[PDB]
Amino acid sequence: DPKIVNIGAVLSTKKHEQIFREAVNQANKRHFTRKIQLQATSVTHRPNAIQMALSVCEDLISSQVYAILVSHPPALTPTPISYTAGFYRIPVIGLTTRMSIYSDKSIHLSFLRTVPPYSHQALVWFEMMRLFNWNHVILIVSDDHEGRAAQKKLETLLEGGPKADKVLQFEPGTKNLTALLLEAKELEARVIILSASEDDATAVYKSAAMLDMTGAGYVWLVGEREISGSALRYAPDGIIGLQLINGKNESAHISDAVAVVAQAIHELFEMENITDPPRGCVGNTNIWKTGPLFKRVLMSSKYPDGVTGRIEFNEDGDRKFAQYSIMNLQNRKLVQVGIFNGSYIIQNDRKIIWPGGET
């Protein structure tokens, strides 16, 4: 007679479902479970947003889950899960979603994630501008949420060493950007930072080729999106970009996420007057009373010995101490030249070569 406590998940595949059950199984062993004992409940992504929202109700909230884990769908979004769960104030944990929008508490009020948003790449840029004493940078940005996200996050780090001599924004969809790029040429700053989708970076990459702005002189510093798929195809040689380490290992993040959540469950039932979440959607319109506290507990969990590193959340419930590979395009091969360990840059013995040749 321990109290059974359900944790839910919506995951890519059945293998991932089995990984999730196992992770919970092992949390029960690892932990002292006379009082409370977790139980895994799961489904995979439904084919559209409406069935997704009904499945959360039918399959998960009917089992009175205390929290819901959510992978990003393969080849559809976490949004209907955030929404449906958010209605009751059941916490949602994103395993693989990097879009910045989910850091907005007005939309996504019960959402944490074990991967950082894309906007947090600005931390790594900043630390590199210190390390490689780039004090004067031009900043090119897609006028969409994801682009503005990144701008704000850097400007915080600049605006209270380095400084941004201008910030240019373009309308996602534009292919002739030589209006914009001519504006970046006439400035004295040679370092260029881009936040753009895969297709928008493609557009930029060519327009900037055409103005010989890809040549020696110039440093190009970029994120993961802008060295993926077709952005990689037309990218200048010497570019520097990022790859979140394990950022797509759903299985790894299932592991760490279960670990954190089980910790936080056990810490929650140290407290008094803990109410159960609602059993099912139907006829249930009041929030879960304890959902906002459980959120607080999670939000200030620390797991230091995690498969993906050191688990902590910032105030938005985004992952902190995420690690990235620093990637340099040399002879149209993407080479790791360094890593961000979560706080420190660590150069490796592979030498960087910049646009031009640069020794």
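One-based numbering along the sequence shown. Note that the rigid core is defined as the largest set of C-alphas that superpose within 1.5 Å between two forms.
When the other structures are laid on the shown form by the rigid core, the stretch among 245-253 and 182-190 with the greater C-alpha deviation in 8 other deposited structures of this protein turns out to be 182-190. The stretch that moves more in 8 other deposited structures of this protein, judged by CA deviation after a rigid core superposition and choosing between 163-171 and 115-123, is 163-171.
Note: missing coordinates for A75 occur in a third or more of the other compared entries bracketing this position. According to the record, 4 to 9 deposited residues between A75 and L76 are left without atomic coordinates. Remark: stretch with higher mean C-alpha B factor among 57-65 and 302-310 is 302-310. Comparing the deposited coordinates for 106-114 and 269-277, the stretch with the larger average C-alpha B-factor is 269-277. Residues shown: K163, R89, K248, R225. Highest C-alpha temperature factor in the entry: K163. Residues shown: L180, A149, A257, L244. Highest C-alpha temperature factor in the entry: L180. Ranked within its chain, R98 lands in the lowest third, by CA B factor from the PDB record.
Ranked by Cα temperature factor within the chain, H120 sits in the middle third according to the deposited record. Compared with the other modelled residues of the chain, the Cα B-factor recorded for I287 ranks in the lowest third. Annotation for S343: C-alpha temperature factor in the highest third relative to the rest of the modelled chain, per the entry. Among the modelled residues of its chain, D349 has a C-alpha B-factor that falls in the highest third according to the deposited record.
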